[PDB]
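Remarks on the structure that follows.
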Amino acid sequence: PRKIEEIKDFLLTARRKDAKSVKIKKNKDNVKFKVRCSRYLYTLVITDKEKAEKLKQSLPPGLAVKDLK
Amino acid sequence: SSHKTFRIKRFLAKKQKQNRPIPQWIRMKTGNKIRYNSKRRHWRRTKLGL
Amino acid sequence: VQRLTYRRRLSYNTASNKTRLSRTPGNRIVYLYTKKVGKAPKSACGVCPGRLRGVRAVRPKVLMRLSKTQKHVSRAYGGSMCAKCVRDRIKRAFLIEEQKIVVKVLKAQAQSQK
Amino acid sequence: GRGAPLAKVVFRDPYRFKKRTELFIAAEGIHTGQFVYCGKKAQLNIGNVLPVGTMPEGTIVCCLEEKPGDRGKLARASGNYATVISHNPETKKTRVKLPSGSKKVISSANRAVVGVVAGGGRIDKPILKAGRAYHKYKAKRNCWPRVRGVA
Amino acid sequence: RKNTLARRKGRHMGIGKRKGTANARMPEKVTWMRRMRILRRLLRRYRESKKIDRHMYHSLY
Amino acid sequence: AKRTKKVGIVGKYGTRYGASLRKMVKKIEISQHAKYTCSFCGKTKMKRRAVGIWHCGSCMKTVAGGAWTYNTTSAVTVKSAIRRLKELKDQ
RNA sequence: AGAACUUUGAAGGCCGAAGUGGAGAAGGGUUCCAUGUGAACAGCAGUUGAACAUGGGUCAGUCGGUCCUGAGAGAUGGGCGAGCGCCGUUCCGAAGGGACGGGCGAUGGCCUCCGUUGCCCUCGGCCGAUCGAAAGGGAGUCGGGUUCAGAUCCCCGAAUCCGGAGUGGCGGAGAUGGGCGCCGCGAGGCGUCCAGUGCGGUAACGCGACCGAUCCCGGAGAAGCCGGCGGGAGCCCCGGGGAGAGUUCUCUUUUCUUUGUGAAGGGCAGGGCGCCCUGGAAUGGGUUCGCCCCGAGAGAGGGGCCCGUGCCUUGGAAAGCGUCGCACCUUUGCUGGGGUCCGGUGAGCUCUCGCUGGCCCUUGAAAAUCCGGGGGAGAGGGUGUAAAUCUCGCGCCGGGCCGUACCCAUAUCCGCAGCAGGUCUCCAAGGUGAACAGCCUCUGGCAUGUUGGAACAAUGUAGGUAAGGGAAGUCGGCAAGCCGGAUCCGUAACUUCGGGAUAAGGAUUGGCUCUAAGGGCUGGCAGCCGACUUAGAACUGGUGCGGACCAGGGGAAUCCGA
RNA sequence: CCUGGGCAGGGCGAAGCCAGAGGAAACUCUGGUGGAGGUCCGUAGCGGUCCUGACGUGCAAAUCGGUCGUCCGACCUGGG
Ligand SMILES: [Mg+2]
Ligand SMILES: [Mg+2]
Ligand SMILES: [Mg+2]
Ligand SMILES: [Mg+2]
Ligand SMILES: [Mg+2]
Ligand SMILES: [Mg+2]
Ligand SMILES: [Mg+2]
Ligand SMILES: [Mg+2]
Ligand SMILES: [Mg+2]
Ligand SMILES: [Mg+2]
Ligand SMILES: [Mg+2]
Ligand SMILES: [Mg+2]
Ligand SMILES: [Mg+2]
Ligand SMILES: [Mg+2]
Ligand SMILES: [Mg+2]
Ligand SMILES: [Mg+2]
Ligand SMILES: [Mg+2]
Ligand SMILES: [Mg+2]
Ligand SMILES: [Mg+2]
Ligand SMILES: [Mg+2]
Ligand SMILES: [Mg+2]
Ligand SMILES: [Mg+2]
Ligand SMILES: [Mg+2]
Ligand SMILES: [Mg+2]
Ligand SMILES: [Mg+2]
Ligand SMILES: [Mg+2]
Ligand SMILES: [Mg+2]
Ligand SMILES: [Mg+2]
Ligand SMILES: [Mg+2]
Ligand SMILES: [Mg+2]
Ligand SMILES: [Mg+2]
Ligand SMILES: [Mg+2]
Ligand SMILES: [Mg+2]
Ligand SMILES: [Mg+2]
Ligand SMILES: [Mg+2]
Ligand SMILES: [Mg+2]
Ligand SMILES: [Mg+2]
Ligand SMILES: [Mg+2]
Ligand SMILES: [Mg+2]
Ligand SMILES: [Mg+2]
Ligand SMILES: [Mg+2]
Ligand SMILES: [Mg+2]
Ligand SMILES: [Mg+2]
Ligand SMILES: [Mg+2]
Ligand SMILES: [Mg+2]
Ligand SMILES: [Mg+2]
Ligand SMILES: [Mg+2]
Ligand SMILES: [Mg+2]
Ligand SMILES: [Mg+2]
Ligand SMILES: [Mg+2]
Ligand SMILES: [Mg+2]
Ligand SMILES: [Mg+2]
Ligand SMILES: [Mg+2]
Ligand SMILES: [Zn+2]
């Protein structure tokens, strides 16, 4: 897989053609937005819940987001 | 052997097919004199030799 | 304390199968086969025991996957020769051409008199 | 299976753009990087090959040819040489003394490298045990056991 | 573990419970290695701490 | 710490192979393993690789020489006579 | 129906990691699994079986064959031979049918442009067809789960290798600057010309890519054996914490099981360098267990490269595993906690990596695939518009055929058989002990090897003692028997001076308390942390101490063979 | 011939190296380090001396139990 650290490229990858699956994993002080593609699985981890609650709605609709747990 | 070739496996297939008992519906056939199969090969007693 | 087994049909500790034991997420040890280590290329007529630097040391068939930037050096004779022998050949060539010029002008100055 | 070392010499092809690699018998006194000259009018030095018709008498040479073009057949063992003792301008012939002491007359066109073959004195060391003789003959051929006929 | 504690204290280590040579129980080579490494790094430390110059360091080495 | 009286490198053989054979092989056992001064580099690194092959450890300029010594007393006079014949009457 | 041989539970034992364990190659070919009967097979019996009858069971681009040559076998050319044919493998052969480019001619797709076909020119050593390894070379899959029988094959999840792109899939490089004049306050815009086949560091070298045709050069593939030393991992050991389990007549914060991060990609420790720059030393230097290295540039300072199997992160906790539970006994899933807790030591065992040395009249394999470099035949838009090419980041499509069960064995192989025989490999713990010796246990298997009950006569087969003598028996010290390990002294004749030699001959060996010595780390001589080795002494046991096991009788001479 | 696999632990201490002592010099001596050998005890492996042991219509058309020789090699072994 590929870890994403910046704020501008993960959304560009999630708005691609092969972004069929997007999952959200909640952990202790950790939120992971794993976008599955044809070749890789891009993972963006964040430790702030405020930056996650306002970013979860920014995902493109119709991509079948699955909230884990 | 654990791994063999297609020719040897096909040759073993016919031996597996032939190692079968006599059907019980030919005993009542007219003119039948066969009472038991005399070609039953045992895997331990008689080795078919590759 | 836990004895494991091979994973392939090879049963002889030959050079083709070099197993290192590793721990799986399932809490168990198992062999993993390792590719034979690749040696970095050595220069031509240069330093004998010293391999070339900056060139990836991996098996030959792997070089199809590597990029050209990770298989050579920017200078002339990058992935073929070492640094010392390059400047050695440069100096040697320049000096022998200067010596040819010297012997030519010597033949000329001898012809101008004889 | 041979005591004489083999020197790899690279020449430049005079007709094609390619380097030719040859395996000569390394005469004693040559090192890696030394330029070796092969021809008729080559300077008389150790390692250089040149026809026997041009070298003076008493020249210690080795790895010569019986006939012109035989390509180095005589005096090929380690530490052996042949001594040129005579010359004939007309009806070109040359008398040489071989390591066996035999004086043979050969042609004056065949060549010979100058110098003694490296590895001399190879027989001064006793084998000192059967293991070294076995390891020696294992590379040569299966002829070592040599059971006596009267046994 | 109790027997190991006894061995550490010195029990069951007399001449009557030795079945191997002294060089087998404790290799002279590894004892020499330890004794040499200790003194060599001690001398390195003393030379680095300006306690001894290099001319004395070499003769001591 | 003198450990042996007369026997030297051939002390590894022990009591076998006789006495005169060991005495004769010792003379060349001293030479074939001793390092020689490189005539090109200048260091005492001329360990022999094989029979008649002597390579240096500094420049690795390999030379073909004697089987047990760096040079043989026969090849020395052969080279001397070759040089003499070259200088006499212009080769 | 029938029980000593089947099944379950318990107790007592063996194999004890060089196994009576878990897997394989050759070989066997259905022997593997489920159901059913019990006349035949199983050397007694049988409800049992590897027997019988029925029905199932082997899923691959990334496991191996298929590819490559090695020793070697082999057809044609040619030779021989009455002849089936044989020798011969580069020899006595017109033994390259393919391609780069250019030209002529024809054809097809949206005839703009390209793809083909026929001919001409130029160029092009095969090391000669072909076969030859299921251990040699050979690109690329790992984690969890699933069955009565399959696992790197099946499912989930996460990757990767090799091929295809003709109307060339999208991005990024090559791609975009300079000079002159004009307009505009300025930012900027316009007309002409020119550059532009990438950059940075002094270097060793680095990056997101970096035009390349015949040809040439080089490397990897591609290396012997054995000593040492260091790093990494697994296993072993100790101390603390948590879950579960055992004992508790007495003691024991005690004893036992477990306490996780795969391929792939990034970063950081660690290891190696015969790799670069400043400067040049002797009062020689810094260094290893050992060597080795230095004016052909040491010490010191600063940098670079390769492996990074170790650590963290995406994968990754939602799966997996012990624990206490809510539905449920052909609907059985789901709960929540603790697991990714803190560490340490080591001549410890195994695997791997690296450095160095030794051994020689022994130099320790080729080929296929692939890469780099030198050369500069050619191609490309020509400029504030954009091409020749991309070994860069993505996206699409495919990967055919063959084998995959089981035994691999004192019961699935061979020996006429369920035969103390033979048959090639991997993993291998704890205690004693120098040790993979011998002995005792744990994980894992087993019924004592084709039967049991009762008694302990002679003879027999293995095992151990015997008072006094100690080879007096016998052809013969045959067998049996003595010493047997370690520490400390002492070691003859002879000799090739290396040996004899553990010569011979002597003293000690237990248990529990002690003493002394043998180290590392933190700070400008002090404080803490942990391995077992040695030496000495005291006390004590009915002189017993290698307390079992382990295990050299010796000397004096002759003959022969180093 | 080609291609692969394997050989626990201890003893003796060859070359080379360092240090010290003695000597007017030549040089000698001593204590370490070093780890060579077709070296020694000995396991796995490889063979089979003795008991002329047991069996001798046997487990076996050549086996078994003690006792044995060698175990880094002139070593053992698989496949071709
Ligand atoms: Mg009738
Ligand atoms: Mg038959
Ligand atoms: Mg293979
Ligand atoms: Mg004979
Ligand atoms: Mg006879
Ligand atoms: Mg020692
Ligand atoms: Mg039972
Ligand atoms: Mg027991
Ligand atoms: Mg083992
Ligand atoms: Mg076994
Ligand atoms: Mg039944
Ligand atoms: Mg029966
Ligand atoms: Mg069955
Ligand atoms: Mg059946
Ligand atoms: Mg798959
Ligand atoms: Mg394959
Ligand atoms: Mg033929
Ligand atoms: Mg013919
Ligand atoms: Mg083939
Ligand atoms: Mg799985
Ligand atoms: Mg199975
Ligand atoms: Mg591709
Ligand atoms: Mg190691
Ligand atoms: Mg990783
Ligand atoms: Mg360690
Ligand atoms: Mg299987
Ligand atoms: Mg058997
Ligand atoms: Mg057996
Ligand atoms: Mg143990
Ligand atoms: Mg112990
Ligand atoms: Mg029984
Ligand atoms: Mg049986
Ligand atoms: Mg008596
Ligand atoms: Mg008595
Ligand atoms: Mg007596
Ligand atoms: Mg008497
Ligand atoms: Mg008598
Ligand atoms: Mg006896
Ligand atoms: Mg006497
Ligand atoms: Mg004696
Ligand atoms: Mg104390
Ligand atoms: Mg004899
Ligand atoms: Mg030996
Ligand atoms: Mg002896
Ligand atoms: Mg034995
Ligand atoms: Mg026997
Ligand atoms: Mg026998
Ligand atoms: Mg006998
Ligand atoms: Mg008998
Ligand atoms: Mg009898
Ligand atoms: Mg023995
Ligand atoms: Mg003996
Ligand atoms: Mg021995
Ligand atoms: Zn040199």
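Residue numbering for chain C follows Swiss-Prot, covering 2-115 in order.
Quick check of the header: electron microscopy, 3.1 Å.
Just so you know, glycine gets a Cβ as well, placed from its N, Cα and C.
As recorded in Swiss-Prot:
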- C:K108: SUMO2 cross-link (CROSSLNK)
- C:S12: phosphoserine (MOD_RES)
- C:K36: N6-acetyllysine (MOD_RES)
- C:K43: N6-acetyllysine (MOD_RES)
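Per-site Cβ counts within 10 Å over the recorded positions C:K36, C:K43, C:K108 peak at C:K43. The residue listed as 'SUMO2 cross-link' sits 75 Å from C:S12 (phosphoserine), taking the CA atoms of both as reference points. Cα-Cα distance from C:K43 (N6-acetyllysine) to C:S12 (phosphoserine): 35 Å (rounded to the nearest whole number). Proximity to ligand 41 (Cβ under 6 Å from any of its atoms) holds for none of the recorded positions C:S12, C:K36, C:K43, C:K108.
Cβ neighbours within 10 Å of the residue listed as 'phosphoserine', excluding its own Cβ and spanning all shown chains: 9.
Here the CA atom of C:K36 (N6-acetyllysine) lies 17 Å from the CA atom of the residue listed as 'phosphoserine'.
In this structure, C:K108 (SUMO2 cross-link) is part of a helix by DSSP. According to DSSP, C:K43 (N6-acetyllysine) sits within a strand segment. Listed recorded positions (C:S12, C:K36, C:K43, C:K108) with a CB under 8 Å from any chain E CB: none.
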